[PDB]
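In what follows, a structure is listed as structure tokens, so that the remarks can point back to it.
What follows is calculated from the coordinates using simple rules that are stated; it is not laboratory data. Please note: Cβ atoms are built from the backbone with ideal geometry, for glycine as well, and neighbour counts cover all protein chains shown.
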Amino acid sequence: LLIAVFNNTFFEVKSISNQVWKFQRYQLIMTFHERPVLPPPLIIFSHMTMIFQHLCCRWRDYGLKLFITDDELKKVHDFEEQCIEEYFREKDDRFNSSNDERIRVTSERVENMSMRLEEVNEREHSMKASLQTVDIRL
Amino acid sequence: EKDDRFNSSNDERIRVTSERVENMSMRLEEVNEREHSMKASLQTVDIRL
Amino acid sequence: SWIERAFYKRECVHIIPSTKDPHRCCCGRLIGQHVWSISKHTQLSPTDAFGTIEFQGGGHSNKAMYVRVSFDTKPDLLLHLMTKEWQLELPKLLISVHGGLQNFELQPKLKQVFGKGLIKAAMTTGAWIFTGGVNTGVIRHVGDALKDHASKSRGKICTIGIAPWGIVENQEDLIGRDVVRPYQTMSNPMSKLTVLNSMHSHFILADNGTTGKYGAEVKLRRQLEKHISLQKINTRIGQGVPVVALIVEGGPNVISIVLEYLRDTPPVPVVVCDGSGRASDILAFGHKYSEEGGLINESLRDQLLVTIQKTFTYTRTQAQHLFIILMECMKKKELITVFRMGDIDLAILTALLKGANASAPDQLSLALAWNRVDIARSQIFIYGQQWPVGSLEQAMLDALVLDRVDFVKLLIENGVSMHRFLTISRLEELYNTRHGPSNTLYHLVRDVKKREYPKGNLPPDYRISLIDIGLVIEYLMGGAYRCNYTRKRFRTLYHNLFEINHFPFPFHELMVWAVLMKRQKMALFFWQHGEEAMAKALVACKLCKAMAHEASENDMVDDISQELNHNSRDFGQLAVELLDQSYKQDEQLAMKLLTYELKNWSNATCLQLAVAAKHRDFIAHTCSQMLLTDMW
Amino acid sequence: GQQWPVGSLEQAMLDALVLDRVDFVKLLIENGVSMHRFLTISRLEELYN
């Protein structure tokens, strides 16, 4: 039974584990970026280095950004607005080219075209009555 | 046969029906709006004679 | 007992003039059936026909109050009946539908939309429908509309019909004093008298004494419509209630009814329909073929004359007088608009706008109150509308506090810019609004004031400053975040003031505000407009997740926590779909989007904000994985 | 314009109920027949028999 419950929950756990590992790659990378160069058996030298630096700064931003320019800010500011415009309007294209929208749009128009053609037929009956009356008069 | 499969598929048939109910509604609308001129002319002709 | 002692009635006591038929008198009743003063010699007495009518048969069972009154009664007494005895509030709108007394059939698409709107305006504005009472023609279509209303909708449309008392079938069936009388929807085809409509709400059956003849209700209905329009509306800005004149088809008489409404002080705008035929179609052909109002040329005048002479079967001179009355109506062309197929609503909502006759700020505030963006777009924001300075900004503030996203779209699209509108004081007034949907912002402010100054419950008359909003963003963001509100620059300007007070990036402050008070649709609108969308979406994701956790922690409503988690997932999905689009366009510029320092978000990084928001799908994406590999 | 005898609609309701005509029951309810005034003890026994 433990074999069975291990087998039948394997796929969901495997997908969640892969995705959680891919998420925690960032935590691993930033942690190892913030650690000192020297190993734990030799970290006392880097520790006294940070101690000496801290007392030197006292006696006298955790991340990895890129630091670009204003013209660059303008180019990435433009770059985002292509990505906005392409997204919403392709979403509009996907919605307009879908089957359920096409069937609904066809159906409401066969609505309007049947009532309107019916107006064309019922009004038309007046015109041949007028044409027969005109041919009768002349 | 790839052309036949593409032409007999559901998504092509629905699109081809839909663009034609487009053209047929705008064109019939032209039929109705132009028709209003003809019975106005027929009523005017019956009024004259 | 007040109805009998205030409202009067008149009964036919005359010399019985035979005219044509010896049994038929001047009042039309039978010669032995007896028991204005000219030839009827009628006498006044208290009424004995009022109360409630139980409509037996005809589908749904509906009870309609009724009263028989004299045709010469003062309208103030009748209006006092309606407000006090029938417990009817003063309507925001009066609806006056007229048409032909003969029965007719219209197009099915025309009829269905005609019904579906006449219901919907009388729902949304809480209007009063004024019909002809008896179940003939246009009133029959109103009753079919109200039948569809009862079959699919939950309102009680107050749909008062005014009919002559003498023409209703089974007059002895409605005799009583505050007694429920059953009524038959049965209507005999042999009898010339017609039954009342089954799906009406109240009746003002008016007796001039005569039986089987019309004309006993037109003057009383008009004078009552004038008296109600003289009453001030509850807004108390200096306007009465506005009145529409609804016309479906009609005959010769509705032409003069239109003329009386247009040539009135105040003017009553007059609205027809097309497709029904007869008089409504000839107002239609007159209106499209009109040029400059009364300036009608020779070819279209004789076309109008021959169609009047053919449809109405009138003589050469009679068509000429009806064309004269038509031209007198056409002089006031701006009041008449035609409904030509391909509703009742636009009809009514337009008559509200020019019956108010106020400035365009007043029309815009009215349409904002009705939540009608399409009506405001087609009428108020037409070409040729003059606008006062600063009024559009006030309407922007009113649309923002009353959760009208579609009015915000229209106002931005009509010249209003967010940079020139958003100030510090306006954003505080937004953060202290009491309208709109509920929110958990007050609990967040109370918690951060308790944490900052361990007091307790905030006073009820507390104005939430932007510094307190800044602290709320601090508690929700977590970590080492630092909001622009709580920095020393913003506190200095707040102390020194309560384009320096204008926000350089107003859509960011709007996004934070719409996220905080749980307004999802406006948050999605404000995400599209403005810049730093990926930063804004990740910030909104963390804010919605943190407020969901906070709502679950304080034992609040679980539905609030579920909806906040749904909003967090929607903003996170927006961030992934933006990342996909950036990766498809340019891989490098996507990475520079992912890494550049966000000065408006505490010098953070989009990559940091996604990890803080615990958005797993953003990091597991291939672009972020290869960026992390490059960092490795 | 259809005149109806008193008590005949209730008999037609009883006949529609015993002859499994749901759509005739819908029409008779929609034409004024109320179930509260029709169902008695003796009528429900006649249905059960």
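Scanning for something among the hydrophobic types (A, V, I, L, M, F, W, C) and surrounded by 19 or more Cβ atoms within 10 Å (Cβ to Cβ), does segment C:555-563 turn up at least one residue?
Taking segment C:555-563 and keeping what is among the hydrophobic types (A, V, I, L, M, F, W, C), we get C:556-557, C:560.
Checking which are surrounded by 19 or more Cβ atoms within 10 Å (Cβ to Cβ) leaves us with none.
No, segment C:555-563 contains no residue that is among the hydrophobic types (A, V, I, L, M, F, W, C) and surrounded by 19 or more Cβ atoms within 10 Å (Cβ to Cβ).
Among the candidates C:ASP461, C:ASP468, which residue alone is of a type in the set (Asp, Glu) and farther than 30 Å from C:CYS606 by Cβ?
On the way: C:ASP468 fails: farther than 30 Å from C:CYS606 by Cβ.
Residue meeting the stated conditions: C:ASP461.
Which ranges mark the helices (runs of 4 or more DSSP H) fully within segment C:518-593 that have 2 or more residues being polar (S, T, N, Q) and on the phi < 0 side of the Ramachandran plot? It would help to see each step written out before you state the result.
Details: elements: C:520-528, C:533-553, C:558-585.
So the answer is C:520-528, C:558-585.
Among the residues of segment B:22-49, which ones are of a type in the set (A, V, I, L, M, F, W, C) and part of a helix (DSSP H, G or I)?
Residues of segment B:22-49 of a type in the set (A, V, I, L, M, F, W, C): B:24, B:26, B:28, B:31, B:38, B:40, B:42, B:45, B:47, B:49.
Of everything in segment B:22-49, those that are of a type in the set (A, V, I, L, M, F, W, C) and part of a helix (DSSP H, G or I) turn out to be B:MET24, B:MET26, B:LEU28, B:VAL31, B:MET38, B:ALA40, B:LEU42, B:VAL45, B:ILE47.
Listed residues C:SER299, C:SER229, C:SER276; which is surrounded by fewer than 21 Cβ atoms within 10 Å (Cβ to Cβ) and farther than 22 Å from C:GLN320 by Cα? Steps first, answer last, please.
On the way: C:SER299 fails: farther than 22 Å from C:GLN320 by Cα; C:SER276 fails: surrounded by fewer than 21 Cβ atoms within 10 Å (Cβ to Cβ).
The match here is C:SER229.
Which is more than 9 Å from chain A (Cβ to nearest Cβ), surrounded by fewer than 19 Cβ atoms within 10 Å (Cβ to Cβ) and more than 41 Å from the chain's Cα centre (by Cα), of C:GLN573, C:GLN588? Outline the logic, then answer.
Values: C:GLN573 fails: more than 41 Å from the chain's Cα centre (by Cα).
Of C:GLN573, C:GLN588, the one residue that is more than 9 Å from chain A (Cβ to nearest Cβ), surrounded by fewer than 19 Cβ atoms within 10 Å (Cβ to Cβ) and more than 41 Å from the chain's Cα centre (by Cα) is C:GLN588.
Report, ordered by the first and then the second residue, all pairs with beta carbons closer than 9 Å, sequence separation of six or more or different chains, a first member in segment C:161-178 that is among the aromatic types (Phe, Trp, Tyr), and a second member that is surrounded by 19 or more Cβ atoms within 10 Å (Cβ to Cβ) and part of a helix (DSSP H, G or I).
The qualifying pairs are C:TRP165/C:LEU174.
Tally the residues that are in a loop (DSSP other than H, G, I, E, B) and more than 17 Å from D:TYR48 (Cα to Cα), restricting the search to segment D:4-30.
If we filter segment D:4-30 for residues that are in a loop (DSSP other than H, G, I, E, B), which is where we start, we get D:4-7, D:19-21, D:30.
If we keep only those that are more than 17 Å from D:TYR48 (Cα to Cα) as well, we get D:4-7, D:30.
The qualifying residues number 5.
Which one of D:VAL25, D:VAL18 is away from every other protein chain (no Cβ under 12 Å), β-branched (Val, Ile, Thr) and exposed (fewer than 12 other Cβ atoms within 10 Å of the Cβ)?
Within the list D:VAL25, D:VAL18, the selection yields D:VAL18.
Test C:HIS34 against the stated conditions and say whether it is part of a loop (DSSP other than H, G, I, E, B) and not acidic (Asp, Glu).
Working: part of a loop (DSSP other than H, G, I, E, B): yes; not acidic (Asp, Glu): yes.
Yes.
Between C:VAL373, C:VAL389, which is more than 30 Å from C:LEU230 (Cβ to Cβ) and crowded, with 18+ Cβ neighbours inside 10 Å?
Details: C:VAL389 fails: crowded, with 18+ Cβ neighbours inside 10 Å.
One residue alone meets the criteria, C:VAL373.
Somewhere in segment C:509-529, is a residue more than 35 Å from the chain's Cα centre (by Cα) and among the β-branched types (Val, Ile, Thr)? Quick ask: steps written out before the conclusion?
Keep residues of segment C:509-529 that are more than 35 Å from the chain's Cα centre (by Cα), which gives none.
Taking every residue of segment C:509-529 in turn, none turns out to be more than 35 Å from the chain's Cα centre (by Cα) and among the β-branched types (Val, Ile, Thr).
What number of residues within segment A:1-21 satisfy the criterion of being surrounded by 10 or more Cβ atoms within 10 Å (Cβ to Cβ) and among the aliphatic types (A, V, I, L, M)? Outline the logic, then answer.
So the first thing to find is which residues in segment A:1-21 are surrounded by 10 or more Cβ atoms within 10 Å (Cβ to Cβ), and the list is A:6, A:9-10, A:13-21.
Imposing the further condition that a residue be among the aliphatic types (A, V, I, L, M) reduces the set to A:13, A:16, A:20.
Residues meeting the conditions: 3.
Can you confirm whether segment A:22-40 contains a residue that is of a type in the set (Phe, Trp, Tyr), within 7 Å of chain C (Cβ to nearest Cβ), more than 22 Å from C:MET631 (Cβ to Cβ) and surrounded by 10 or more Cβ atoms within 10 Å (Cβ to Cβ)? Before the answer, list the steps.
Taking segment A:22-40 and keeping what is of a type in the set (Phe, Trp, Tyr), we get A:23, A:26, A:32.
Retained after the next criterion (residues that are within 7 Å of chain C (Cβ to nearest Cβ)): A:23, A:26.
From the residues that got through so far, the ones that are more than 22 Å from C:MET631 (Cβ to Cβ) too are none.
The answer is no; no qualifying residue exists.
What pairs come out if I take residues in segment C:404-424 that are at negative phi and pair them with residues that are surrounded by fewer than 19 Cβ atoms within 10 Å (Cβ to Cβ) and among the acidic types (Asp, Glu) whose C-beta lies under 6 Å away, six or more apart or interchain?
Here the result reads C:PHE421/C:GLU393, each pair linking segment C:404-424 to a residue that is surrounded by fewer than 19 Cβ atoms within 10 Å (Cβ to Cβ) and among the acidic types (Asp, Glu).
Take segment C:277-328 and flag every residue that is over 21 Å from C:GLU260 (Cα atoms) and of a type in the set (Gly, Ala, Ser).
C:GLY277, C:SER299
Somewhere in segment A:70-81, is a residue over 18 Å from C:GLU597 (Cβ atoms), facing another protein chain (nearest Cβ under 10 Å), among the β-branched types (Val, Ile, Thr) and part of a helix (DSSP H, G or I)?
No, that holds for no residue.
How about segment C:245-263: which of its residues are more than 18 Å from C:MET327 (Cβ to Cβ) and surrounded by fewer than 20 Cβ atoms within 10 Å (Cβ to Cβ)?
To start, the set of residues in segment C:245-263 that are more than 18 Å from C:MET327 (Cβ to Cβ) comprises C:245-246, C:248-249, C:251.
Within segment C:245-263, just C:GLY251 meets the criteria.
Is it fair to say C:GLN562 is over 25 Å from C:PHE505 (Cα atoms) and touching a helix residue (DSSP H, G or I) at 6+ places or on another chain (Cβ under 9 Å)?
Working: over 25 Å from C:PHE505 (Cα atoms): yes; touching a helix residue (DSSP H, G or I) at 6+ places or on another chain (Cβ under 9 Å): yes.
Criteria met by C:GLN562.
State the number of residues belonging to segment A:110-134 that are more than 12 Å from chain C (Cβ to nearest Cβ) and under 27 Å from B:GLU12 (Cβ atoms).
Residues that pass the stated criteria total 1.
Evaluate the following for B:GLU19: is it assigned to a helix (DSSP H, G or I), more than 11 Å from every other protein chain (Cβ to nearest Cβ), over 30 Å from A:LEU138 (Cα atoms) and within 24 Å of the chain's Cα centre (by Cα)?
no
Can you tell me which residues in segment C:594-607 are assigned to a helix (DSSP H, G or I) and closer than 16 Å to C:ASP630 by Cα? Quick ask: steps written out before the conclusion?
At the first step, the residues of segment C:594-607 found to be assigned to a helix (DSSP H, G or I) are C:594-595, C:606-607.
C:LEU594, C:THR595, C:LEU607 - these are the residues of segment C:594-607 that are assigned to a helix (DSSP H, G or I) and closer than 16 Å to C:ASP630 by Cα.
Tell me the residue from B:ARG13, B:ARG5 that is assigned to a helix (DSSP H, G or I) and either within 14 Å of chain C (Cβ to nearest Cβ) or more than 23 Å from the chain's Cα centre (by Cα) (or both), please. Write out each step before concluding.
Details: B:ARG13 fails: either within 14 Å of chain C (Cβ to nearest Cβ) or more than 23 Å from the chain's Cα centre (by Cα) (or both).
Within the list B:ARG13, B:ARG5, the selection yields B:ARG5.
For the subset of segment C:336-351 comprising residues that are assigned to a helix (DSSP H, G or I) and in contact with a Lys or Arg (Cβ under 7 Å, 6 or more places away or on another chain), which member is surrounded by the most Cβ atoms within 10 Å (Cβ to Cβ)? Full working, then the answer.
As a first pass, look at segment C:336-351 and keep what is assigned to a helix (DSSP H, G or I): C:345-351.
Those left that are additionally in contact with a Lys or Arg (Cβ under 7 Å, 6 or more places away or on another chain): C:345, C:349.
On the way: C:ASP345: 20, C:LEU349: 25.
Among residues in segment C:336-351 that are assigned to a helix (DSSP H, G or I) and in contact with a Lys or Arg (Cβ under 7 Å, 6 or more places away or on another chain), the one surrounded by the most Cβ atoms within 10 Å (Cβ to Cβ) is C:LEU349.
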